[PDB]
Amino acid sequence: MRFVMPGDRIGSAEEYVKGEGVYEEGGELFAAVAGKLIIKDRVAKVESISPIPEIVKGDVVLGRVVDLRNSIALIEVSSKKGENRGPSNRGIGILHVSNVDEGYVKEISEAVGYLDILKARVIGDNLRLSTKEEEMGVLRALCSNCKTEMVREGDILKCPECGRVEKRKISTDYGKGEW
Amino acid sequence: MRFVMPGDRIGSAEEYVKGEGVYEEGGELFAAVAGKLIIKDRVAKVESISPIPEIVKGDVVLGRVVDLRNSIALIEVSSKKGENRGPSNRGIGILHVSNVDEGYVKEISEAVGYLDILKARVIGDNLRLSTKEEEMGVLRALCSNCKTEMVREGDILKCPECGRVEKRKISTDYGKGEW
Amino acid sequence: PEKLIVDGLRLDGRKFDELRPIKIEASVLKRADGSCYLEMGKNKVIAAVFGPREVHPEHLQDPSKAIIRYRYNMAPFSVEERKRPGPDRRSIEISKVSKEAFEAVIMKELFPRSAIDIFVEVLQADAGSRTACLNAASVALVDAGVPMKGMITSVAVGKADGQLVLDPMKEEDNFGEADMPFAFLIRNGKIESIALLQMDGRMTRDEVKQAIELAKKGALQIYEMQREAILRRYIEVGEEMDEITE
Amino acid sequence: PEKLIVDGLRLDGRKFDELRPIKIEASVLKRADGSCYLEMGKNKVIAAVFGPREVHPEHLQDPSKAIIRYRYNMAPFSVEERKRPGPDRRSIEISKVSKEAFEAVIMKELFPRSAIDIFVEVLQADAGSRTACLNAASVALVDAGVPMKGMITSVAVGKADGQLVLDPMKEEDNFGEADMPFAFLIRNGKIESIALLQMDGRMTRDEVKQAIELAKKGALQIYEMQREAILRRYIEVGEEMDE
Amino acid sequence: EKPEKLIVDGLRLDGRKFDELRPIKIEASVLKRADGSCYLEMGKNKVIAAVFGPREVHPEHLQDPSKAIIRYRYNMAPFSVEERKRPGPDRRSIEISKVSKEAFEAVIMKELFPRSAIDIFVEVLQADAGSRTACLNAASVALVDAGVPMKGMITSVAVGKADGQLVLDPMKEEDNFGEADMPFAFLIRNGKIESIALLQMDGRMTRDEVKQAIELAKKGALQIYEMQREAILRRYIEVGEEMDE
Amino acid sequence: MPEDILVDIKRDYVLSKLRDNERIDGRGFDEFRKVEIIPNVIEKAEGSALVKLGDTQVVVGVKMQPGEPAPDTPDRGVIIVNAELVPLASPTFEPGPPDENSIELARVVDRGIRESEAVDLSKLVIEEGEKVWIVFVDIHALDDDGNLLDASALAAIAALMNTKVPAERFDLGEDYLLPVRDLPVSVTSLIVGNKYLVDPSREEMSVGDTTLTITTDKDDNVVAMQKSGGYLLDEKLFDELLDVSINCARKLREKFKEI
Amino acid sequence: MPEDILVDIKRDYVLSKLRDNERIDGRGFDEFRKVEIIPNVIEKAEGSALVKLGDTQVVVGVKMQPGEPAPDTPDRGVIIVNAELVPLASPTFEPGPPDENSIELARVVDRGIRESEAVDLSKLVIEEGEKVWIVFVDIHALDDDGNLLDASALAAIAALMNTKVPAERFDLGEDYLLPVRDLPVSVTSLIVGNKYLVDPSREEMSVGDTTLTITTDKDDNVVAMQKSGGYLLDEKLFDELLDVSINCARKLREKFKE
Amino acid sequence: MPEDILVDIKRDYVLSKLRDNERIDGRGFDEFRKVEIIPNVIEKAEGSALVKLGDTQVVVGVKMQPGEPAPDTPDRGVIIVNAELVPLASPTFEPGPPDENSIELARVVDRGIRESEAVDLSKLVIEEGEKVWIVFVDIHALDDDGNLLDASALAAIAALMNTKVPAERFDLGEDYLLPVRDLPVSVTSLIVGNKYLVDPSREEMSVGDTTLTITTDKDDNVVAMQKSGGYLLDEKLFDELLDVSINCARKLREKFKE
RNA sequence: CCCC
RNA sequence: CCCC
RNA sequence: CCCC
Ligand SMILES: [Zn+2]
Ligand SMILES: [Zn+2]
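Protein chains in written order, with the entry's author numbering: chain A, 1 to 179; chain C, 1 to 179; chain F, 8 to 253; chain D, 8 to 250; chain E, 6 to 250; chain I, 1 to 259; chain H, 1 to 258; chain G, 1 to 258.
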């Protein structure tokens with residue numbers, strides 16, 4: 001039975017190499033979390049019976065645009081796709097214009113609006129983001145005028161109530177309510 | 001009787017053009033406030049029985065200076081000459097060195113001060129301010145050291161308590177209590 | 008306590024569909040942006056509106072729309088046996104529902120990161136003051152020229168001796184079978200939708216539906232007085248404009 | 008009330024070193040990061056853990072590690088004479104002390120500028136609730152997967168008619184001559200450090216060193232029941248996946 | 006129980022004359038942790054005052070760009086009065102604290118420390134007539150001991166009214182059955198009363214009596230002040246004696 | 001605030017299905033979730049009930065004890081409903097005195113109980129002048145997954161219905177069961193635009209806090225109603241949801257026979 | 001501090017006016033604004049009154065009811081004075097529990113009443129050391145244009161002078177007027193420098209919260225005074241203001257000749 | 001943070017000396033600093049006592065008065081024990097009570113008194129089931145240089161011993177010395193690594209609020225203990241520290257009775 | 001508590 | 001207060 | 001309440 005409680009002794013340090021779920025103290029390795037201890041190539045990890053997600057290069061991510069400076073959208077990265085448990089390393093990340101789309105884009109405000117909710121892939125550390133893929137994009141936007149939720153029509157977004165129209169970098173999953 | 005109450009039907013949105021005091025909905029136009037319905041040139045508006053001023057270009061405004069940079073002076077705008085009502089669009093307008101006295105100036109320090117009270121003219125939105133006018137400028141300044149209200153002395157300001165004199169872009173209404 | 012209706016009349020002599028005497032005066036306070044004094048039966052209420060004004064804590068603002076606060080409060084002397092100052096369960100609650108009445112109707116979109124503060128104090132209270140406070144507050148907001156889809160009007164229906172009666176009085180709340188405060192949105196001189204709706208009591212599903220009917224007829228009468236209050240206010244500001252010229 | 012020990016078995020029949028009937032269940036709450044329902048004799052408890060969550064509005068956040076909050080609330084119906092909802096002094100008190108336990112054990116250095124929040128309700132209270140509450144919260148902590156050094160397990164050693172007892176019941180508290188809540192860090196199947204220590208009654212030097220010993224018995228006993236429960240939970244996440 | 010008599014044979018229930026202060030003691034710099042402190046007995050009153058600052062200020066929305074902010078909490082420990090009193094703020098203490106603050110607001114040179122808070126805590130260990138005056142006297146000593154720049158000192162006494170005569174620095178029985186209680190506090194600049202900083206009153210007093218009391222007060226103020234000067238001299242000697250160890 | 005983001009999206013999805021005439025779990029718009037009603041959860045307490053409504057679960061316990069009547073109303077027992085939506089019953093609860101939502105929740109449960117005359121207040125009197133019974137109903141959320149209100153009115157009336165008066169031990173006689181003569185039930189609905197969702201769940205609430213609650217007695221009388229949230233209620237909609245709700249209330253009452 | 005850019009200017013004006021020895025409205029330096037004293041405005045109250053002091057408005061309501069006397073004084077019975085400065089008047093009025101001002105205001109008013117011995121407590125005694133009348137004075141500001149204090153004081157006495165005891169209601173005998181033996185009045189001046197302004201505007205109040213308040217009885221005896229705000233008071237100037245205030249109080253008192 | 005910076009360096013120092021098995025003041029690891037107990041510092045107070053302990057100092061005053069016992073015991077009087085860690089004693093300390101630490105120190109101290117049965121609540125029985133002597137005991141910290149806790153325990157047992165029951169003033173008989181049986185004494189030690197300390201000092205506290213506290217009665221029984229802070233207590237230490245404590249509590253009880 |  |  |  002590979003099962004371990006936090007505090008269970010996995011072994012000595014020189015013996016095994018500390019991995020996820022494991023801590024050392026006095027040269028011994030220990031299980032920090034309950035779960036299935038696994039060992040491979042001298043590396044001892046513990047699959048947690050309740051993992052705390054960590055965001056990393058590669059991941060998909062949900063966020064809100066909290067502040068648009070120039071050439072730069074600051075997104076508030078909230079959830080890491082595929083895990084419901086709120087991540088440990090969430091907070092601000094950066095959506096730089098180069099990454100906003102594969103084409104060429106100027107004036108980032110024409111892709112990503114204040115308070116937009118979006119869907120992005122993490123391409124660098126410090127939560128740096130990419131929107132270039134088709135999947136990635138703005139998931140929901142409010143009318144920049146009357147603050148009503150914008151409905152997707154075509155390649156552009158329209159406000160029903162007010163009829164206005166705004167151009168954005170639009171995830172396929174816009175309005176779907178999924179990501 | 002031109003008097004209307006909020007909720008009163010004015011006409012079809014096809015017919016007239018929403019002006020100040022009217023909202024559109026369901027294809028109709030309605031009074032948003034109480035007051036005098038006026039329709040000049042297809043355009044319907046209501047004159048509020050208690051208007052809420054809004055700062056635009058051309059408006060003479062008053063404010064305190066909350067932060068100095070090098071090229072720019074940040075002024076917390078607060079009131080619009082004409083009404084006593086707080087304006088809806090209140091906040092931080094901007095004072096650029098060039099817009100000050102129709103003549104060279106190295107630093108806005110030379111013109112404005114921290115916690116100074118100003119009397120500007122709106123040059124553009126986001127409250128882009130000017131003070132080139134004789135009417136415009138500082139209305140009440142505190143001594144850099146000692147911090148007592150300084151009294152005007154011809155073309156310069158000096159505090160009584162301390163004696164130190166400072167030079168700023170002075171409004172012809174400085175000290176008058178008016179503006 | 009014997010009977011509340013006898014020979015078709017209530018203890019104060021009104022018929023089942025008759026309002027209590029109402030007085031409404033707008034623009035009564037000098038420091039508020041809008042206000043209204045209001046008498047309804049033996050109710051004496053005064054409303055003040057403030058705003059749109061800046062809002063702190065900077066966290067409690069809404070990036071996109073105005074926030075709305077509404078404090079309803081009874082002055083110690085307003086009741087028959089002095090009332091401690093300060094909130095109670097009943098006040099937290101009334102303040103809540105009464106706010107939400109107005110959240111529905113004020114055009115908060117127009118004033119982002121702002122507050123519109125409504126204060127309402129009952130000076131002398133009889134039955135139906137929540138009702139009185141709502142009406143006074145509406146007049147106040149219009150007088151402050153804060154934008155609204157329409158008017159809020161409010162009347163309560165009750166039940167005595169198995170009869171539905173409009174605008175219940177004190178003996179009728181205390182010894183009746185139902186107490187049901189409404190408030191309607193008014194647009195085009197017509198009732199459009201319900202803005203406030205509470206009931207306590209025992210009514211048949213039929214009586215509920217019949218009650219909404221009585222409340223409406225009454226609410227339209229009250230709305231005509233609210234209008235007249237502002238109509239006066241309007242005549243008066245123009246009259247003052249004509250005085251400066253004099 | 009006349010006498011606590013007759014024949015050498017307490018008023019409810021237990022030994023001197025016999026725990027009461029315990030019952031422990033992980034993951035009882037949908038909207039929580041970890042949870043645990045447990046009972047110790049007549050105590051009915053439930054702990055919930057939320058976190059690591061962003062800590063607000065701001066400023067109270069520690070930049071190098073994580074902060075631990077712990078609110079111990081007894082519900083009105085939990086006691087004989089209906090308590091009045093709101094923090095007793097006893098409450099603010101028990102909360103500081105219970106929170107201090109987990110500060111020793113949680114690995115907060117792993118989660119800077121964050122909160123790990125612990126709330127525990129007592130639905131039914133008996134002698135020992137404070138001790139049932141820690142055990143519960145400890146299970147919720149593991150359930151929630153917050154990295155720890157080991158487990159926290161807690162027992163009350165009392166003393167009746169001159170003799171020590173394990174997990175005192177009411178009457179023994181109301182007419183006993185001691186009441187001493189422990190709580191140990193269990194690491195590697197064994198008791199290591201003391202995490203929580205509170206005595207108040209009359210006890211000799213030599214009674215106290217004994218009592219410590221009587222306690223770390225109840226503890227390995229309970230710890231095992233705690234393992235059994237986090238194991239049952241283990242099978243379940245495992246069954247839900249395997250589906 | 007009430008003396009009913011108060012003034013007798015020209016002398017009061019404790020034997021003082023109409024213009025004689027009760028015995029005053031005044032130690033400077035007794036607290037080690039505060040920036041400046043002062044123990045001070047006044048008749049049966051025993052009070053202690055600490056001072057802290059100028060220092061940084063949270064929230065900071067409460068901080069003032071151009072000058073320091075001042076805070077003063079006047080606090081009567083439970084065992085200080087006759088019938089043990091609930092700890093913490095009553096409306097009387099809140100009022101006293103507002104007015105006591107304002108006295109020093111007049112004198113402290115707030116402008117030297119923008120964005121800061123000088124804070125003053127005054128603790129009543131044992132209560133008796135005019136303790137708000139003990140406290141005020143004690144704070145000014147603490148202020149000075151703390152070296153907070155000031156326009157001049159602050160000193161205070163109450164004038165009472167017993168059996169028709171104005172009395173100085175009233176004691177309990179004459180404050181409870183007397184006909185008036187009137188605390189003053191003065192700015193003392195250049196060894197002379199110069200301004201009034203604090204002025205309250207209550208009871209029936211004639212116009213002519215008010216002005217008389219003001220004279221009566223100042224005379225007490227100057228007498229007290231002298232003791233304050235001496236309290237500080239002692240300090241002056243100590244910090245010197247420390248160097249010089 | 002980052003919590004808001006997960007919810008705004010869930011909102012978009014709930015509104016998507018609504019647009020296609022569906023609820024995200026396949027329920028009818030007039031359909032409650034699975035109701036469990038377990039009495040006697042709390043020994044020491046005189047009455048108690050655990051209720052499960054979907055994944056939302058609540059306890060209520062009833063404690064009674066002798067006390068002084070109201071000076072204006074003697075001859076009547078006293079019932080005092082209170083609720084705690086504690087930290088742990090939600091990621092979004094902060095500790096302290098009842099917020100305004102913890103308050104209206106209790107005032108509603110109390111309203112139904114009182115306006116229906118559910119308990120016979122008169123038979124709770126001990127000494128006509130200043131000794132009378134004091135019924136404490138205390139609601140305590142444990143798991144909040146939408147519609148704690150209906151769950152609470154349901155457990156409340158369930159707990160009272162398993163209440164034993166603690167006569168002896170107060171020296172007032174022998175222990176009997178409390179005379180419950182009615183069965184308040186409340187049906188709450190999430191109004192959205194011009195449609196309604198009877199018995200909303202936490203997920204559905206993402207749409208907004210805009211509800212209607214109707215409470216009835218055992219004879220299908222309307223006994224308490226409460227619109228709540230910032231919205232305009234359509235009269236046609238109100239009229240139609242009146243009938244659906246009274247009806248729903250009949251079915252929940254049927255779960256109280258329990259054979 | 002955004003609501004005080006406008007204030008700071010008005011302060012200048014008031015000040016540039018004072019320098020010319022002039023108030024913003026033409027008043028003399030000892031001239032109260034117009035005054036209205038309306039009694040009986042709240043019927044379901046035992047006594048009540050509404051005072052207008054310029055555009056300043058305050059209403060006071062009185063309520064009486066049986067109670068236990070002070071443990072100390074088993075004779076006479078009690079007067080409690082409370083004040084709500086609720087957000088109704090002034091945006092600077094925040095909601096909630098008493099602020100130092102609502103308190104100071106109540107305590108000052110309470111004082112002038114208490115100390116002037118204007119209401120015979122020993123009168124409203126029911127059962128020696130058992131049952132006694134408790135008199136609640138509740139002050140409720142409406143429109144604040146300066147001097148809420150003086151107005152409340154004016155209103156509180158008018159309220160009390162028009163109070164009927166609730167005897168019948170309490171099976172205690174027929175109802176009767178509350179015995180009022182005095183007439184406390186109080187005059188608040190705004191001290192600015194070495195000059196005073198009697199009965200300040202809210203506008204004038206822009207200069208600073210620095211005042212002196214003097215309160216006299218029937219016979220011109222000073223019965224309560226209060227310096228407030230952080231300023232230093234010139235004894236020279238206090239001496240005039242005393243004389244001026246006892247005077248002002250007198251003129252004010254001959255308003256109550258209804 | 002930002003006082004949290006100066007303290008951190010001091011911390012380095014204290015540890016650096018513990019690395020050398022010596023302290024900052026050359027004190028020994030089982031040694032309290034200068035003690036001093038002054039009874040009768042507050043007259044007008046049935047009891048009082050002031051304890052300086054190094055630079056720490058605290059006053060404690062006992063008050064007494066007629067009252068009702070709790071539903072349970074009709075057979076005895078009662079003892080309440082509150083404290084205040086005013087800002088007098090430190091910058092940090094909150095103004096308004098009761099903060100949590102306040103709550104703590106009070107209770108620890110109440111435990112020892114109530115647990116030593118060091119007062120005969122049976123002898124404070126006015127009349128059974130209705131009236132009994134209610135003994136207040138309020139701790140008021142004056143200066144905080146560390147271990148206000150121990151200080152407060154001492155000062156409270158000094159004060160209670162020197163307490164005169166105000167029987168006369170209340171019409172119950174001739175005043176008497178308060179019947180005090182036992183004499184509880186608390187020893188707080190500060191823990192870091194395997195090493196205990198003193199009687200800790202504020203400078204030593206810089207290391208962290210990780211302490212142990214054991215309270216003994218006259219006969220050397222333990223009547224109360226209290227681990228406290230966020231640390232793991234090695235059982236071996238506790239063992240020693242149980243002995244070392246019991247002995248420190250006797251050196252003090254002599255410093256008590258002279 | 002409930003109503004006012 | 002103290003306990004729970 | 002007021003007072004201390
Ligand atoms: Zn739009
Ligand atoms: Zn200067």
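Just so it is clear, CB atoms sit at the ideal spot from N, CA and C, and this is done for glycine as well.
What's the gap between the Cα of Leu74 (chain A) and the Cα of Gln68 (chain F)?
Locating residue 74 (chain A) in the first sequence gives position 74, where the first residue counts as 1. Locating residue 68 (chain F) in the third sequence gives position 61, where the first residue counts as 1. Approximately 20 angstroms, taken between the alpha carbons.
Assuming contact is defined by CB atoms lying nearer than 8 angstroms, are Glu115 (chain H) and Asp207 (chain E) in contact in what I supplied?
Sequence index remark: in the seventh sequence, residue 115 (chain H) carries index 115 (1-based). Sequence index remark: in the fifth sequence, residue 207 (chain E) carries index 202 (1-based). Between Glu115 (chain H) and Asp207 (chain E), the C-beta gap is smaller than 8 angstroms, which places the two residues in contact.
Check whether the Cβ of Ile53 (chain F) lies closer than 8 angstroms to any Cβ atom in chain H.
Here residue 53 (chain F) is taken as the residue at index 46 of the third sequence, counted from 1. Yes - at least one Cβ of chain H is within 8 angstroms of the one on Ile53 (chain F).
Flag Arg78 (chain D) as yes if its beta-carbon sits less than 8 angstroms from any beta-carbon of chain I, otherwise no.
Along the fourth sequence, one-based indexing puts residue 78 (chain D) at 71. Look at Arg78 (chain D): its C-beta is under 8 angstroms from a C-beta on chain I.
Considering only residues of the same chain and omitting the five flanking positions on each side of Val151 (chain A), which have a CB-CB separation below 6 angstroms?
On the first sequence, residue 151 (chain A) is found 151 positions in, with the first residue counted as 1. Cβ-Cβ distances below 6 angstroms link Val151 (chain A) to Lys158, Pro160 in the same chain, with the five nearest sequence neighbours on each side left out; the list follows chain order.
Can you tell me which residues form a DSSP beta bridge with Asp124 (chain F)?
Taking the first residue of the third sequence as 1, we reach residue 124 (chain F) at position 117. BP columns for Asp124 (chain F) point to F:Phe57, F:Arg76.
Counting only the same chain and skipping the five closest in sequence on each side, list residues whose C-beta sits under 6 angstroms from that of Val135 (chain G).
In the eighth sequence, the residue the question calls residue 135 (chain G) occupies position 135. Once the five neighbours on either side are set aside, the close Cβ partners of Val135 (chain G) are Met64, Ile79.
According to DSSP, residues forming a beta bridge with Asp67 (chain C):
Indexing the second sequence from 1 puts residue 67 (chain C) at position 67. Under DSSP, the beta-bridge partners assigned to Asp67 (chain C) are C:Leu74.
Do the CB positions of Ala153 (chain H) and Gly112 (chain H) come within less than 8 angstroms of each other?
The residue labelled residue 153 (chain H) in the question sits at position 153 within the seventh sequence. The residue labelled residue 112 (chain H) in the question sits at position 112 within the seventh sequence. Their beta carbons are under 8 angstroms apart, which means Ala153 (chain H) touches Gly112 (chain H) by this criterion.
Among residues of its own chain, excluding the 5 on either side of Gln205 (chain F), which ones have a beta-carbon nearer than 6 angstroms to its beta-carbon?
Start at 1 with the first residue of the third sequence, and residue 205 (chain F) comes out as number 198. Close CB contacts of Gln205 (chain F) within its chain, under the 6 angstroms cut and outside five residues either way in sequence, are with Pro188 (chain order).
Does chain A have any CB closer than 8 angstroms to the CB of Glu110 (chain F)?
Within the third sequence, numbered from 1, the residue matching residue 110 (chain F) stands at position 103. Not one chain A Cβ lies under 8 angstroms of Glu110 (chain F).
Would you kindly work out how many angstroms separate the C-alpha atoms of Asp219 (chain G) and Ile157 (chain G), rounded to a whole number?
Residue mapping note: residue 219 (chain G) aligns to position 219 of the eighth sequence, counting from 1. Residue mapping note: residue 157 (chain G) aligns to position 157 of the eighth sequence, counting from 1. In a straight line, the C-alpha of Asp219 (chain G) is about 16 angstroms away from that of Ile157 (chain G).
Sequence-distant residues of the same chain with beta carbon closer than 7 angstroms to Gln217 (chain D), five excluded per side:
Locating residue 217 (chain D) in the fourth sequence gives position 210, where the first residue counts as 1. Annotation for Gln217 (chain D): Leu171 place their beta carbon closer than 7 angstroms to its own, counting only its chain and skipping 5 residues before and after.
Kindly indicate the opening and closing residues of the alpha helix (DSSP H) around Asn82 (chain H).
The residue you call residue 82 (chain H) lines up with position 82 of the seventh sequence. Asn82 (chain H): not part of any alpha helix (DSSP H); member of the beta strand (DSSP E) spanning 78–84, first to last residue.
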